[PDB]
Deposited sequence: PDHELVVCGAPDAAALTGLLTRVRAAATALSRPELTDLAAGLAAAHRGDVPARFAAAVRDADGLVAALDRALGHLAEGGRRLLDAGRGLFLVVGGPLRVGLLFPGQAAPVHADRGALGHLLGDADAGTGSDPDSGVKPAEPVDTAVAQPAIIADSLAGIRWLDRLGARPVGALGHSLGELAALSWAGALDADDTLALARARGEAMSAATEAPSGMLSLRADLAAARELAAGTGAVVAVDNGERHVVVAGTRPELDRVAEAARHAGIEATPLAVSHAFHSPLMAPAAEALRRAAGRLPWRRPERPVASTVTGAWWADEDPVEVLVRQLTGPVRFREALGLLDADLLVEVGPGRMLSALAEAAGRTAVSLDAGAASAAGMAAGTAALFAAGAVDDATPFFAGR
């Protein structure tokens, strides 16, 4: 792999300082094959009940020395918790912390991302192909969490990702979930009655609703205080874009040919109802914060919730606010949701399941280990 995972631990902060000092000494100058042997040995020896924990995803020995330096500086100032998701460096004395899962949906590309600088368009996602592809990668991430014995406090899924969150929670098995994803992407790829799309606003929900009022456009995705997506026909979207320019709000056209998460998806919701109603649904056994209801999943009829998902807004701001977690780990391809969570001031890292680069699997597994959600990082060293 292009990133290595280096974990260790000790019984308390003083003992971890001593160990980290010695690993720093040992690490200076190691070749890449020597660093892999040191990292595989540390993972074998530091598993189980490991009270005070360090984990870092690193490109090479010098990156390990740099991470150790940061951890040691933190402990020297009496720090007991350093969570730097964007550097893949995690240190926790006195955990476990609360870890939540994020299950992504489909990518949301910008139509003409500029440029020179703003200051041929992107192609929309082919949703009939993308939805089952993303859910297959999410289900592979759930198999990694299962191999690790991960113990998150709960999960949420954005739009499509709610299917993977429910599968993780035991409501539906992996084969049925992938089959339902193929049906959902086929239903949602049908053309809308008239040309339609989505418009991203750098504004909050109230500001979006003020811009959209009387226009025909509606809120499609509430991603937080800094990001709300509206949807409608092209005339409706043009009304909002005019309003947004007058108000001084930045409106970004997205590369999509459907007003997803609007009433124009009602035909697709009917077709999804047929596919969903044929499946052997079970009650979820683990907590799921729904981006359909913006509430915890309780006694809900999954067919009704997944059908109204398509016409109603994605309540990611509300669902994320419910999930009380010191650290979030995204389980799926890419880092869409970790970026949205970071924009809400949360700490998040993606496993980036199915990626060419091992960057995400190393950083995400370092996060699970340091936060105490997994006890054994040896699976990262198996089967190379």
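K.L.:
Which deposited-sequence positions, grouped into ranges, are missing C-alpha coordinates?
P.N.:
In sequence order, there is one gap with no modelled C-alpha: 120-136.
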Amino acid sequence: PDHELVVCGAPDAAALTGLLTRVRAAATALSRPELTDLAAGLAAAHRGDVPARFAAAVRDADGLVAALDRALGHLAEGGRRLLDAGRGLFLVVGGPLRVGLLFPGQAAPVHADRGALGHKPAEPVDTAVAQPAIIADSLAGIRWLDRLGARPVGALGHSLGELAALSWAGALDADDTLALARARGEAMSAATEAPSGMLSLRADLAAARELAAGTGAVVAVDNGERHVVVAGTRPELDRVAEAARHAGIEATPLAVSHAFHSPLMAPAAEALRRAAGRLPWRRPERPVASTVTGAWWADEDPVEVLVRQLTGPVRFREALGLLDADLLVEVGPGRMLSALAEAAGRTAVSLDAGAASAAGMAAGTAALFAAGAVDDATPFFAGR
From here on, numbers count along this sequence of modelled residues.
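K.L.:
Mean C-alpha B factor from the entry: is it higher for 367-375 or for 13-21?
P.N.:
Comparing 367-375 with 13-21, the higher average CA B-factor belongs to 13-21.
K.L.:
Quick one: higher average CA temperature factor, 138-146 or 272-280?
P.N.:
Comparing 272-280 with 138-146, the higher average CA B-factor belongs to 272-280.
K.L.:
Reading the B-factor column of the entry, which of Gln106, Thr215, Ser167, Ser196 has the highest value at its C-alpha atom?
P.N.:
It is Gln106.
K.L.:
I'd like to know which of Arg202, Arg184, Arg114, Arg98 has the highest C-alpha temperature factor in the PDB entry.
P.N.:
By C-alpha B-factor in the record, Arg114 ranks first.
K.L.:
Hey, what third does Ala52 fall into on Cα B-factor, ranked over its chain?
P.N.:
Tercile = middle for this residue's CA B-factor.
K.L.:
Grab the CA temperature factor for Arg315 from the record and place it in the lowest, middle or highest third of its chain.
P.N.:
Its C-alpha B-factor belongs to the lowest third of this chain's values.
K.L.:
Taking the values exactly as deposited, rank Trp297 by C-alpha B-factor within its chain and report the matching third: lowest, middle or highest.
P.N.:
Tercile = highest for this residue's CA B-factor.
K.L.:
Would you please rank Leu328 by its C-alpha temperature factor against the other modelled residues of its chain and give the third it falls in: lowest, middle or highest?
P.N.:
Answer is lowest: the recorded C-alpha B-factor places it there.
K.L.:
According to the PDB entry, is the CA B factor of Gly354 in the bottom, middle or top third of its chain, that is, lowest, middle or highest?
P.N.:
Highest third, going by the recorded CA B-factors of the chain.
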